[PDB]
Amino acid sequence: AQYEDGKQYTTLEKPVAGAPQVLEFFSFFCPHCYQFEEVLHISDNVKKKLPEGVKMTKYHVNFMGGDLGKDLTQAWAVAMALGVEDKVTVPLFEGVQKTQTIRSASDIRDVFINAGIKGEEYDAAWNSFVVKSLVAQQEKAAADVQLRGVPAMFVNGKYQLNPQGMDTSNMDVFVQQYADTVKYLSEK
């Protein structure tokens, strides 16, 4: 066929019930994730090819960058609670990988302050039980698929995108292939 298991995607041995429709995992320490966000705009090109009624979920993971990796997963929970993902994603990526000015929880916090989120508002979110459960959800979703690498995308709890098996001569072509694959899995 044109789309085949083990080619553009793989199938989970252990499917996950009740999972978000489109589930994306990343790390601010993850170099292809940086590309995925800054250069390829994957999430966004996928989103536009998704139909009506499809929600898109993105989660951070702990297994990169040790102690700071976990701080980053909590900070992403803050970003999700306050609805400011689109204001911190880029400075967080560049702070970790480009300028390397993010070295502590305080530095993460600085990124949010510079983006216009208020100190009081950030620290209250940071310490809130709503953020604790949001951290819990991020870990639970990754655990459910026994996640070992990022970037990773899963569709309806049962398919996992396999970008290795797509052409990378052309960056634009890679992205369309990726999003068209998400759409195909979507309709399955």
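Heads up: residue numbers just count along the shown sequence, starting at 1.
Note on 168 to 176 vs 8 to 16: mean CA B-factor is higher in 8 to 16. Relative to its counterpart among 71 to 79 and 112 to 120, 112 to 120 has the higher mean temperature factor, C-alpha atoms as listed in the PDB entry. Note on the listed residues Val54, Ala152, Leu40, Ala142: the highest Cα temperature factor in the record is that of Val54.
The deposited CA B-factor of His32 belongs to the middle third of values across its chain.
In the deposited entry, the Cα temperature factor of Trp126 sits in the bottom third of values across the chain's modelled residues. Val135: CA B factor in the lowest third of modelled residues in this chain (values from the PDB entry). Annotation for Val61: C-alpha temperature factor in the lowest third relative to the rest of the modelled chain, per the entry.
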